[PDB]
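Given as structure tokens, the chain that follows is alone and in the form deposited in one PDB entry.
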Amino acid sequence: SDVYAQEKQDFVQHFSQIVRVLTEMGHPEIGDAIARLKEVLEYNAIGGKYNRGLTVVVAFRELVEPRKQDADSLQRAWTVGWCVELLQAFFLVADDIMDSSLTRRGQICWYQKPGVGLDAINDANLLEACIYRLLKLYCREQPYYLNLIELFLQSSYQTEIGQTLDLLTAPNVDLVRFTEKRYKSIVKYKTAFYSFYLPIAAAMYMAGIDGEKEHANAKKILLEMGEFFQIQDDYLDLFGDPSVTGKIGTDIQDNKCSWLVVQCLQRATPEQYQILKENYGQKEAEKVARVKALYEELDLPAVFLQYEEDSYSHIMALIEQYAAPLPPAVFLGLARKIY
């Protein structure tokens, strides 16, 4: 996206400084561990699309009078932006261990690299630690300092709670607990808060917008947005052309609590529920195709197509009603970019 593609180069260049600062030796004793930290950051914070991190910068630009966007201010925006990317990094290193994943972004998951293993648990925590070190270094003197600390801490809590909810929901194959109230709730805590609310809110705080009604309004928009994109993500998992997407979907084999399956569960006859119990989770693809064919049989696409349309109207309506005092274009810019 133009506004995101504009900001990107300078953002990703800043990562050099991030690492320099975080690894910079009045204490020689810890050199080796600091070396290890460099390895961990380089491997794990680098390679994504950086949509979350960039949203901090784009929003900051949109939210501050340009007279007050000096050298120092953007440094800070880049830093706070990278703080989000470290939070994501923390989450994914650990998620990959917990899920017993192999690949992450088409490359070997860190914990699987020869000689890392469960040491990766410590590594994940180091990534999280780095957030607060960066906040102290670049923002301790700023009025929004405490607000960001609390915002990040809270964002972690909410995600971990959501991860708990997901882990409870999807151990052992049981669809009885794959409700829509429960799906809506996993998505909200585990992805929407830190993926959609956090980056904008850090920018709002950075720009002196600290009021609770302001934040509540931003949140209301951003969470419903987050819900939409996860549902989209779940749709495209099975039906998206993977050359378009990037992912090759495995939510059926993985036994994940997908939007698709929740909907399928509200619609299936007792006969079909049995067919679902029969096929959801297996490696072998003859079973996997029996799930997709069931969904298709239930015209779940049309259900989705319907969901999208309703959702478009709801979202635009919320932005109308709740974006100001912020510019509509922070919301729209992000939507543009995540779609």
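Only residues modelled in both forms are compared. All residue numbers are counted from 1 along the displayed sequence. By rigid core we mean the largest C-alpha set that fits within 1.5 Å across both forms.
Omitted from view is the form solved in complex with a small molecule, to which the following refers.
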query: Stretch in contact in the bound PDB entry with the small molecule, which is absent here, among 172 to 180, 225 to 233, 140 to 148, 262 to 270 (heavy atoms within 4.5 Å); finding: 225 to 233
query: is_contact(residue 133, the small molecule) in the bound PDB entry, heavy atom dist at most 4.5 Å; finding: no
query: Partner proximity in the bound PDB entry: residue 295 to the small molecule, non-hydrogen atom cutoff 4.5 Å; finding: no
query: Contact of residue 105 with the small molecule in the bound PDB entry (heavy atom, 4.5 Å); finding: yes
query: 4.5 angstroms heavy atom contact with the small molecule in the bound PDB entry for residue 49; finding: yes
query: Regions of at least 3 residues displaced between this form and the one not shown by 2 angstroms or more (CA, core superposed); finding: 337 to 339
